[PDB]
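Below is one structure, written out as structure tokens; the observations come after it.
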Amino acid sequence: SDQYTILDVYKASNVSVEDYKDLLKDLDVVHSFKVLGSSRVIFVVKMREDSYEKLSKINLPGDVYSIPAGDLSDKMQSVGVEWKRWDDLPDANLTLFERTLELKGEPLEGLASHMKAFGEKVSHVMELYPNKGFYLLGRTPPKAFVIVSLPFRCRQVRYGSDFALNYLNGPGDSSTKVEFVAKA
Amino acid sequence: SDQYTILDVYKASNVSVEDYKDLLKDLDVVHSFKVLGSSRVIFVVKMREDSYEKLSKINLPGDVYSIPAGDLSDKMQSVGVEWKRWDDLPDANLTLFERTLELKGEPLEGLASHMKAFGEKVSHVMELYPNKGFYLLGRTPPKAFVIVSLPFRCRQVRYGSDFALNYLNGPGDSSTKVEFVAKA
Amino acid sequence: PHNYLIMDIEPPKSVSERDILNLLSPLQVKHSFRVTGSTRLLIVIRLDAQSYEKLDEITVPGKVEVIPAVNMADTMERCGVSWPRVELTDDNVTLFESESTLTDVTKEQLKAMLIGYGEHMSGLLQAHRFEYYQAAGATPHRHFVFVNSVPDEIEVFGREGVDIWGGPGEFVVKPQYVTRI
Amino acid sequence: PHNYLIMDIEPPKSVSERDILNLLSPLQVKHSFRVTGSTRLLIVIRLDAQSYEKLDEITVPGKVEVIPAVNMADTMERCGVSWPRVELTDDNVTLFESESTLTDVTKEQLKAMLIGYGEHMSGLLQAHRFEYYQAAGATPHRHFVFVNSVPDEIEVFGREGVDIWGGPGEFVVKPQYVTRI
Amino acid sequence: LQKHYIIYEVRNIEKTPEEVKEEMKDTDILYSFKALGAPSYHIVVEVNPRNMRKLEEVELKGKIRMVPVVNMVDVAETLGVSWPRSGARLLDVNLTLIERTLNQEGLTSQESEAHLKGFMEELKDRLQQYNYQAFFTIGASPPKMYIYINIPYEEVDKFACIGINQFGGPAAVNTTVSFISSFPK
Amino acid sequence: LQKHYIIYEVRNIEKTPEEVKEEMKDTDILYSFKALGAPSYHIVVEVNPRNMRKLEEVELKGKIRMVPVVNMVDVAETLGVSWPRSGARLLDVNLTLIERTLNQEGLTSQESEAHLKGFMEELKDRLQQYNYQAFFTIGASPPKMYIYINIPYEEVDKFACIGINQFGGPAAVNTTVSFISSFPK
Amino acid sequence: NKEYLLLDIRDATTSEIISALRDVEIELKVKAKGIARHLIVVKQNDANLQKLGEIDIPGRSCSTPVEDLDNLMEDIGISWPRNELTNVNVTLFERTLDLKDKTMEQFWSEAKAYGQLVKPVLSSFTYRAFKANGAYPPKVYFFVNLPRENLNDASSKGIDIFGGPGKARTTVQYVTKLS
Amino acid sequence: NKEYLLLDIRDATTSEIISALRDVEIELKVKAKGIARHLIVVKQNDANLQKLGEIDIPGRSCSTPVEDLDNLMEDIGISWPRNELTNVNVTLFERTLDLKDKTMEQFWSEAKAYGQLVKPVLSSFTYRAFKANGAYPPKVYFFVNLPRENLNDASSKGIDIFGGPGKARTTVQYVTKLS
Amino acid sequence: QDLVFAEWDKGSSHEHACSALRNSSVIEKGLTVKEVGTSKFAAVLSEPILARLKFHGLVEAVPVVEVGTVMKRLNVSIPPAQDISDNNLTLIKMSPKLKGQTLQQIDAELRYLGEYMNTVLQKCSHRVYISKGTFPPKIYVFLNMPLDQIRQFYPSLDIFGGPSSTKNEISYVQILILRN
Amino acid sequence: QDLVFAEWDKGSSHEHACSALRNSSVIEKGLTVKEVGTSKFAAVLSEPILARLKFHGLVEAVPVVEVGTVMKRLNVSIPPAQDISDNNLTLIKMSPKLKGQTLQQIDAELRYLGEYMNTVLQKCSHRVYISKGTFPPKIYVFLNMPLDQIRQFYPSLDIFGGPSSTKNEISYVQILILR
Ligand SMILES: *[C@@H]1O[C@H](CO)[C@@H](O[C@@H]2O[C@H](CO)[C@@H](O)[C@H](O)[C@H]2NC(C)=O)[C@H](O[C@@H]2O[C@@H](C)[C@@H](O)[C@@H](O)[C@@H]2O)[C@H]1NC(C)=O
Ligand SMILES: *[C@@H]1O[C@H](CO)[C@@H](O[C@@H]2O[C@H](CO)[C@@H](O)[C@H](O)[C@H]2NC(C)=O)[C@H](O)[C@H]1NC(C)=O
Ligand SMILES: *[C@@H]1O[C@H](CO)[C@@H](O[C@@H]2O[C@H](CO)[C@@H](O)[C@H](O)[C@H]2NC(C)=O)[C@H](O)[C@H]1NC(C)=O
Ligand SMILES: *[C@@H]1O[C@H](CO)[C@@H](O[C@@H]2O[C@H](CO)[C@@H](O)[C@H](O)[C@H]2NC(C)=O)[C@H](O)[C@H]1NC(C)=O
Ligand SMILES: *[C@@H]1O[C@H](CO)[C@@H](O[C@@H]2O[C@H](CO)[C@@H](O)[C@H](O)[C@H]2NC(C)=O)[C@H](O)[C@H]1NC(C)=O
Ligand SMILES: CCCCCCCC/C=C\CCCCCCCCCCCC(=O)O
Ligand SMILES: CCCCCCCC/C=C\CCCCCCCCCCCC(=O)O
Ligand SMILES: CCCCCCCC/C=C\CCCCCCCCCCCC(=O)O
């Protein structure tokens, strides 16, 4: 298992995605997504032994959030769900889903059971479309960022946000936000 | 696969367990447990094609409840949980657990996920000790009767009631009643 | 301060107002009432040492609830609220049974509500002969009020202080006409 | 029945009450207030056809909320409640911003509570000069009350009909001292 | 012309089924069912002037609940759904009673109607291949639905859970299944 | 001899970290931390007459949240729980910050104290292996807990979820994890 | 070890109950004052269960496996004084707990907090407490010898630990110990 | 089929937004009256999304994939009229639903009930409705041309279907349709 | 006044004195009904008249008052319509669960319900009784109405909070004594 | 009277006019405090005095009344207010959530809270203000209590329904003007 840092950047004025990418040239930036229609850009940095010292010396302009993260496929494997791991993402039809789970009144075991059932249900479509998933480390409410290449896009976004939502206790206790992203 | 009728009988005055067993002598009574310290007796009748007419011709004295039921191991297998099926009970140390699930605000899929997780957690203990389980057919809130032979029974009663209860959303989303029974 | 026993009796069909004979000679029966229009009985017994000991050989038949109780005026006095000290004597009486059905409440919050209710009712109890009996040790809070039955005053006495306890949905009030027996 | 527009303006530091020149010159500004002690402004504009057409050449800088509104006295009159219709005086004014916070409420229940609040306030509004503006089309219910400022009367006016709306936890009331212009 | 019915839920442990039937005097009875091996009875009576006059002499004993009901096809017609045509006769073979009580907590009338319409649209197709009679409470809150259906026993469980999510899931409904037969035998 | 601290949570996207540090003038800082590559800062100050006098010249800019705190060891002593001795110095290697905010909805004070004691007893044994410093809000509601811990990054996900059920489960606690380093570099 | 079985009998007389249960070893037996209600705690061993399988309890009876609360408290590490119950002012508190949106950890931490809180106060009272073994909602039968002026105090001690008086339903009953 | 992307832009003038979004196909653009707020609904083409990846939108912009509510209603079997929005009394209703303790089936049955209820009402109005695609809590942007006296009438139409005015949060804004 | 709504259940007893409920020399100026086909009986009687009965199985005895009095106390006018008869006689028992509500809120809801029933039940014989001093309040409506229209009263539950804020019992009754 | 509790936050502005909050010629009467180490400022002033300040970033301006007169109106004793000083000076903002509560219930709870704080704050110098006509109500306490005892005010939250039925904010403040 590998650890990551997600840098969620709301770009300052007069600073481009290239400027931010040049500020991070010494780090292992595995993924880089720009939100279409806004100034938000997401950088995924794979952490190594020296990555923390290097990141501590970098100040990115704008509104920056630095969130520790892990690979979602590893988290699904830990709960016993088998998830297809994609080596690369296509450059087209990239859709970002941010899901926060808010299952009120449940112990950790209940949340784990809900997530295991949901993962088993969704693993079949997850094996069909290329995707990269990350989850926030040690974070409650649990939060996941999933970037998936969806053909049949603007109806599959509703279909995929709605898919197996009952296994997560219905549409009332999980929040989903959707963006259209491009490789930065 | 097999259907049963649970006859929960509160014995009428001057009517003994033998009288009730005589009233049901033409039916396939697979189990009959009498609750120690009370007048309650439970008859499990394995239903056949002609069993329903015979049961319709029978009027048992006293407060009698007739509840359709199925094998709990069959239900656990339907949700993908492996449960050891026992041929018979050891005639000693028998303990009856009646559990009713009250998973407030959950869809059917959420309840199925909680039950799958709980069954997976408890299957090892269920394999350790001889037991017979039944669930009420099509009944909501879901209800199960489990008769298990417990060594160390006194503290094992609390241990078994408390075991993996967080997988059922904690001690407040279910009710449990325990009895000491003997083979009738 | 006196301790009390409230016997709410639903006697069997065969037994009928021989219940008095059961409690009459041995026990110090402060009040005996029958719910008007029914056979239900409400007995208030002062629990002195002799009565407490005598209760050993008494068995009231039927569906009977026995509630240990205190005079709630004593509780109010302990909390600093001054209530009129009157003896209910009139043969025409209304009984109000009140219970709190509030699930989210602290001990100090409950004490605040009880003191507020006592202060609120202190003014309206001056022109009345009444007796409050609180179920001692029972949770949630529960009490009985015996008051002079003035018609066109049941609603006023029933609804006074209900909002202090949390509103019409969190407080249960049951008034009943009772005939002294 | 007139239609109104309520502008809650938090202007930038650079802009210094030049919003009046932006607004007052081409629009029919019924009222102009500033929250005392701050730079926030509240403008009540009467929406005639000319003002509505002129609004599309106007941009108010800062953090600005624009709320379509109606005179809630008109709503009360339609619902059968009669309120005094008296213009607001140039004396000092207090503003009450009120919003319903109940989550479990029906449309008919909300209308019943609104009518009850109107009937309750009808008696107490006779000795005051006031203007009610309800946010038209906004759910949950929301309104603003401009009332002549009487000392030691803010608590009475704010704490009035709060129980009809559900109690102190289900109805947000924010009194504010406002200065004209 | 809409038909209205009364369902008498009778719990009597002291009378034989013959005596329970005789307690109805000369009332015309549409259905009389008894739970297998248990002293629980359901008596379904059509409401008309003649039956209402005959019921004046009837005083049922035991634990009785009287429930005015309408046919569920009438509820379907009011909600715009078209349920399959019910069967006139209910045979003893495979006969089952399914009772549903809906909690409806935190809902409005319009919302409850929407949920009921969704449930009925879901159940309409599954009901096609069975011989059944269904009834709904008229005016009672919480509402109650009765289904007397000839269904194979091995399919009862799943059939009793169809459309549960339309009402909010299992915690929002009370579902009871009973094996029944016509009485007296 | 109980020690009291102030934690300043500073969000400032316009000043360099050197300028943010200089904003504190000559007050004595116990810990000054910055999220890796982000403009968030945590400044821990010990409350004493000298520092209180020095803080009169300090006016932090940006989004600032001043939080009075006590050491979690003192909370342990008041709750009768023993706490692994905290390390004096927090190094940049493996340095992490775990923040917890407890909902406590529907509980009394005694109930909350019982839950806190249970959580601390659960965390006691696992906390023994690591260099750490922990703080708890004094008087704030909802309460907040801070842990600055030198823990391997592969273990932080499980360590941050220890004892969650003691507070009612994941939905009853807001937990945030950050990689941090001392500033200015 | 082996815990007990509680028999709650209603429509029977003391003589009838003593005539039955003749060979059954009885840990404790009380009768509610003024009421046809008896509580009989019998030891759970092989002989007692075998005898109970062959007798008819008079009246209407309800059986509940129960565990001595002293043993449970000792199991979770709290040592209660274990003062032998007396025949004076015998009072039964029946308490049911409402655990809603609680985890097992919260239940156990609350139980530990209550045990610790009442451990020093039980040293001045004689008592015998039983908990319905393996039952949810949790139910406790607490027999105490205490003055009748203390009923409100004893019931309210630690009531906030489990969520306050709205979450713990308590009933009080005077009983006579039947020797 | 392909749906839209909505840009909610603040602190930018109309000239800046028009210049920046040059060469981008725009389905509908409006400006809030008296406010530096613009709503731009653009089509989700490959060309549009390619162009949006190379330009900077002035001011503070928030993007949201949106679906035409007419097409969503068509999916679930409800045929809404498609009267083209005009520029006379353009009014934007923004509604957010609260679906606590609801299943997916309840959500869909309520959506169907609302669609059937307001289907005949919309025959006499011009409008354009967009739903935040795949977002939870659900959000709808409803542009209507209606008299200013009907606002309360329009907002409360079928408000009980989703649980009443306490479960649906609605804001109203007058806008100008830019051409 | 001193009206009481009393409900008895004589299912257990196979013999009783409830024939007194049909005895005009015992019941004066009261109303007595029997649930159709059932051993359940109900009455609205003045307290002295209720004192003449000592029936065993009493479900409830709630001091009530005619809605006309309640509406007059709120300055709301409701015509007394006509007198109830034995044809289509239905008893509706309404019990709101006023959870999280205040006294003024329930008063406003009661006034609105009165206004709605004023027009809904203007053309049917009825008798409406409201409990006094009882919380949660109880409403008893003898409606003598067409059975098809019964479902049209459903939306009234919305005034108190919706269908599940209110327990609602419907029964068919037969008049035994109706004296004024 | 016409007292207002006003709170301003000047973090955004590099140069502001809040030095007027330290000017006696502007604050002729009232109290002004600065949160220690930050740029947040608070004051309790008469409305004519509050009209002199025109500051940006006003967090709130709540019409308040001294607790002495509120207690006098309730006929409840209030310990005489000792004058606050600069040492140990703490500001506590208390915002009860009264979900489900009625007006008479919150009034009874406020009376009990006043009676409870009577004994607790008998020795500490303090200044208590309660909001006027604001719902949910707000309480502002200026205290000179030792810091070690701050954790001992926690059970007071129980009067309003427990720790999470109340939002509590603790701050260390410095006196600028006290007249
Ligand atoms: C009563 O339920 C029976 C199952 O419990 C039905 O028998 C089933 O019939 C199926 C179709 O013929 C057959 O595939 C199944 O194997 C069989 N199930 C078994 C044996 O477990 C029975 O229906 C029978 O078949 C139908 C088509 C009719 O011919 C009936 O008269 C048969 O009995 C059910 N009977 C009725 C009357 O509904
Ligand atoms: C049994 O109960 C009686 C009655 O409550 C107790 O006697 C009371 O004791 C208290 C102090 O504990 C005194 O204040 C009362 O004056 C006593 N009342 C009477 C009527 O004497 C008695 O102490 C209790 N005995 C035991 C062993 O608990
Ligand atoms: C646009 O809005 C205006 C202003 O509300 C509407 O004109 C009003 O129409 C209503 C009835 O619909 C009349 O009662 C008012 O008297 C009218 N006001 C004026 C000033 O004429 C107008 O009809 C709306 N137009 C459209 C197309 O919706
Ligand atoms: C009792 O109510 C019934 C059932 O609603 C009434 O019968 C219906 O009356 C309506 C008009 O009110 C007609 O449209 C139906 O055709 C009638 N149905 C039948 C079967 O007759 C009946 O009129 C009412 N009776 C009385 C005496 O009021
Ligand atoms: C200011 O607050 C400090 C911190 O609490 C007070 O000093 C403590 O006082 C308590 C008694 O209240 C002692 O037990 C502690 O030992 C003191 N801590 C020290 C001296 O470091 C101090 O008294 C307060 N000063 C005032 C109120 O003038
Ligand atoms: C520990 C973190 C837990 C958070 C929840 C993680 C759950 C997964 C998170 C987000 C996923 C939601 C959308 C899934 C992506 C879409 C897949 C389906 C796409 C097509 C489906 C279809 O065509 O039916
Ligand atoms: C219709 C569905 C109903 C499902 C409800 C839950 C059913 C689960 C099955 C049984 C419930 C309670 C059983 C627990 C006792 C089983 C034996 C455990 C013994 C434990 C021994 C040990 O702790 O080592
Ligand atoms: C898992 C459950 C754990 C324990 C449940 C709590 C059981 C409490 C039940 C009933 C309460 C009555 C308690 C007995 C008396 C307690 C000790 C005496 C406390 C003070 C007495 C006095 O002040 O007189």
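To be explicit about the labels: the chains of the structure tokens are called A, B, and onward in the order shown, and within each one the residues are counted from 1, while ligands get numbers from 1 in the order they are shown.
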With 9 Å as the limit and counting only C-alpha atoms, what residues in chain A lie close to chain H? Please list them as a short mmCIF file (atom, residue, chain, number, x, y, z; two decimals) with N, CA, C and O atoms, in the first residue's frame.
```
data_model
loop_
_atom_site.label_atom_id
_atom_site.label_comp_id
_atom_site.auth_asym_id
_atom_site.auth_seq_id
_atom_site.Cartn_x
_atom_site.Cartn_y
_atom_site.Cartn_z
N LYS A 34 -7.74 18.96 -13.89
CA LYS A 34 -8.29 20.30 -13.83
C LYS A 34 -9.80 20.22 -14.02
O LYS A 34 -10.28 19.52 -14.92
N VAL A 35 -10.54 20.91 -13.17
CA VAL A 35 -11.99 20.95 -13.25
C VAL A 35 -12.39 21.90 -14.37
O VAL A 35 -11.98 23.06 -14.39
N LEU A 36 -13.21 21.40 -15.30
CA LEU A 36 -13.63 22.20 -16.44
C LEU A 36 -14.71 23.19 -16.02
O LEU A 36 -15.73 22.79 -15.44
N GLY A 37 -14.49 24.46 -16.32
CA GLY A 37 -15.43 25.50 -15.96
C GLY A 37 -15.16 26.19 -14.64
O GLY A 37 -16.02 26.93 -14.16
N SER A 38 -14.00 25.97 -14.03
CA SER A 38 -13.66 26.61 -12.78
C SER A 38 -12.14 26.72 -12.69
O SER A 38 -11.42 26.40 -13.64
N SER A 39 -11.65 27.18 -11.55
CA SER A 39 -10.22 27.33 -11.32
C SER A 39 -9.65 26.23 -10.44
O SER A 39 -8.51 26.34 -9.99
N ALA A 92 -10.18 11.05 -22.17
CA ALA A 92 -11.49 11.59 -22.49
C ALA A 92 -12.55 11.07 -21.53
O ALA A 92 -12.41 10.01 -20.93
N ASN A 93 -13.63 11.86 -21.40
CA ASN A 93 -14.81 11.49 -20.63
C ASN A 93 -14.51 11.33 -19.14
O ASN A 93 -15.17 10.56 -18.45
N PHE A 97 -16.25 12.02 -9.13
CA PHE A 97 -17.27 11.88 -8.09
C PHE A 97 -16.60 12.03 -6.74
O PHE A 97 -15.64 11.31 -6.44
N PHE A 152 -21.26 7.50 -22.82
CA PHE A 152 -22.70 7.72 -22.55
C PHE A 152 -22.84 8.68 -21.37
O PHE A 152 -23.66 8.44 -20.46
N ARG A 153 -22.05 9.75 -21.39
CA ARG A 153 -21.56 10.43 -20.17
C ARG A 153 -22.75 10.97 -19.36
O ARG A 153 -22.92 10.54 -18.21
N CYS A 154 -23.50 11.91 -19.94
CA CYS A 154 -24.31 12.83 -19.10
C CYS A 154 -25.57 12.12 -18.58
O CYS A 154 -26.28 12.72 -17.75
N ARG A 155 -25.83 10.88 -19.01
CA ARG A 155 -26.85 10.04 -18.33
C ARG A 155 -26.15 9.00 -17.45
O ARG A 155 -26.75 8.62 -16.43
N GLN A 156 -24.92 8.59 -17.80
CA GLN A 156 -24.21 7.66 -16.89
C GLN A 156 -23.79 8.37 -15.60
O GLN A 156 -23.59 7.67 -14.60
N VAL A 157 -23.66 9.70 -15.62
CA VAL A 157 -23.34 10.37 -14.36
C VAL A 157 -24.47 10.21 -13.36
O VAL A 157 -24.22 9.85 -12.20
N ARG A 158 -25.72 10.40 -13.78
CA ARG A 158 -26.85 10.12 -12.91
C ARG A 158 -26.95 8.63 -12.58
O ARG A 158 -27.17 8.27 -11.42
N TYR A 159 -26.76 7.77 -13.58
CA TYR A 159 -26.86 6.33 -13.32
C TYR A 159 -25.80 5.85 -12.34
O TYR A 159 -26.09 5.00 -11.49
N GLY A 160 -24.58 6.38 -12.43
CA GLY A 160 -23.52 5.95 -11.55
C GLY A 160 -23.58 6.58 -10.18
O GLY A 160 -23.15 5.97 -9.19
N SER A 161 -24.10 7.80 -10.08
CA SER A 161 -24.34 8.36 -8.76
C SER A 161 -25.48 7.64 -8.05
O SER A 161 -25.45 7.50 -6.83
N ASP A 162 -26.48 7.17 -8.80
CA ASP A 162 -27.61 6.46 -8.23
C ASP A 162 -27.36 4.98 -7.98
O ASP A 162 -28.15 4.35 -7.28
N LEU A 165 -27.28 2.84 -4.37
CA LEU A 165 -27.29 3.80 -3.28
C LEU A 165 -28.02 3.26 -2.06
O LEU A 165 -27.72 3.65 -0.93
N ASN A 166 -28.97 2.34 -2.27
CA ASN A 166 -29.68 1.74 -1.14
C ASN A 166 -28.75 0.96 -0.24
O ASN A 166 -28.98 0.89 0.97
N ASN A 169 -27.57 3.03 2.48
CA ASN A 169 -28.68 3.54 3.27
C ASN A 169 -29.45 4.65 2.56
O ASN A 169 -30.01 5.53 3.21
N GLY A 170 -29.50 4.62 1.23
CA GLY A 170 -30.34 5.51 0.49
C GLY A 170 -29.72 6.87 0.22
O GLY A 170 -28.60 7.15 0.63
N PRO A 171 -30.47 7.74 -0.46
CA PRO A 171 -29.93 9.03 -0.88
C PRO A 171 -29.89 10.10 0.20
O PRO A 171 -29.56 11.24 -0.11
N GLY A 172 -30.21 9.77 1.44
CA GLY A 172 -30.30 10.79 2.46
C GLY A 172 -29.10 10.92 3.37
O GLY A 172 -28.98 11.91 4.08
N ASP A 173 -28.21 9.93 3.37
CA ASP A 173 -27.06 9.98 4.27
C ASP A 173 -25.76 9.69 3.53
O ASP A 173 -24.88 9.01 4.06
N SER A 174 -25.63 10.21 2.32
CA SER A 174 -24.36 10.32 1.64
C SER A 174 -24.50 11.45 0.64
O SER A 174 -25.50 11.54 -0.07
N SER A 175 -23.50 12.32 0.59
CA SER A 175 -23.50 13.46 -0.31
C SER A 175 -22.56 13.19 -1.47
O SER A 175 -21.45 12.69 -1.26
N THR A 176 -23.00 13.49 -2.68
CA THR A 176 -22.22 13.27 -3.89
C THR A 176 -22.10 14.58 -4.66
O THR A 176 -23.09 15.29 -4.84
N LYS A 177 -20.89 14.88 -5.10
CA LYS A 177 -20.62 16.04 -5.94
C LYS A 177 -19.91 15.57 -7.20
O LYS A 177 -18.99 14.76 -7.13
N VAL A 178 -20.35 16.06 -8.35
CA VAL A 178 -19.84 15.61 -9.64
C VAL A 178 -19.17 16.78 -10.35
O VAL A 178 -19.67 17.91 -10.33
N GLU A 179 -18.02 16.51 -10.97
CA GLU A 179 -17.33 17.47 -11.81
C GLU A 179 -16.87 16.81 -13.10
O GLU A 179 -16.66 15.60 -13.15
N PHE A 180 -16.73 17.62 -14.14
CA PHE A 180 -16.09 17.20 -15.38
C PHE A 180 -14.64 17.66 -15.32
O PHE A 180 -14.37 18.85 -15.16
N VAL A 181 -13.71 16.73 -15.46
CA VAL A 181 -12.30 17.05 -15.32
C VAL A 181 -11.56 16.64 -16.59
O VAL A 181 -12.04 15.84 -17.39
N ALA A 182 -10.39 17.23 -16.76
CA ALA A 182 -9.48 16.87 -17.83
C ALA A 182 -8.09 16.68 -17.26
O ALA A 182 -7.76 17.22 -16.20
N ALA A 184 -4.51 17.39 -16.54
CA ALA A 184 -3.83 18.67 -16.51
C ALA A 184 -2.40 18.53 -17.02
O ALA A 184 -1.76 19.52 -17.38
#
```
* To do: Tell me which protein, DNA and RNA residues are within 9 Å of segment 125-142 of chain A, counting only C-alpha atoms, leaving out same-chain ones fewer than 3 positions away, and put them as number ranges by chain.
  => A: 3-4, 6, 67-73, 75, 83-90, 94, 99-103, 121-122, 145-151, 160; F: 98, 156-161, 170-177
* Distance filter 10 Å, only C-alpha atoms, chain D against chain E, as an MDAnalysis selection string -> chainID D and resid 103:107
Could you write those residues out with N, CA, C and O atoms, as a compact mmCIF listing (two decimals), in the first residue's frame?
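Resulting contents of part-v9.txt:
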```txt
# COMPACT_ATOMS: atom_id res chain seq x y z
N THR D 103 -38.49 21.32 10.46
CA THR D 103 -38.31 20.41 9.34
C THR D 103 -39.53 19.55 9.08
O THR D 103 -39.77 19.17 7.93
N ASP D 104 -40.30 19.23 10.11
CA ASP D 104 -41.51 18.43 10.00
C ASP D 104 -42.70 19.37 10.12
O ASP D 104 -43.14 19.70 11.22
N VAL D 105 -43.22 19.81 8.98
CA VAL D 105 -44.38 20.69 8.96
C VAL D 105 -45.05 20.55 7.60
O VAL D 105 -44.38 20.47 6.57
N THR D 106 -46.37 20.50 7.61
CA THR D 106 -47.15 20.43 6.39
C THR D 106 -47.49 21.83 5.89
O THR D 106 -47.32 22.82 6.60
N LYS D 107 -47.95 21.90 4.65
CA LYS D 107 -48.39 23.18 4.09
C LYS D 107 -49.58 23.73 4.86
O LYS D 107 -49.62 24.92 5.20
```
* Asked: So which residues are near ligand 5, meaning at most 6 Å away with only C-alpha atoms and all ligand atoms counted, given back as a PyMOL selection string?
  -> (chain F and resi 1) or (chain J and resi 87-88+144-148)
Only C-alpha atoms, please: the residues just picked out, written as a CSV table (one decimal), in the first residue's frame.
```csv
chain,number,residue,atom,x,y,z
F,1,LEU,CA,0.7,23.4,38.7
J,87,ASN,CA,-6.1,39.3,34.7
J,88,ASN,CA,-7.6,35.9,33.8
J,144,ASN,CA,-12.1,36.4,36.0
J,145,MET,CA,-12.2,32.8,37.2
J,146,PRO,CA,-9.0,30.7,37.5
J,147,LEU,CA,-8.4,28.7,34.4
J,148,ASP,CA,-8.3,25.4,36.3
```
* To do: Could you please extract the residues within 7 Å of ligand 3, counting only C-alpha atoms and all ligand atoms, and hand them back as a PyMOL selection string?
  => (chain D and resi 48-49) or (chain H and resi 88-89+145-149)
* Please identify the residues whose atoms come within 12 Å of ligand 2, using only C-alpha atoms and all ligand atoms, and report them as an MDAnalysis selection string. => (chainID C and resid 1:4 46:53 68 70) or (chainID G and resid 85:91 124:127 144:151 174)
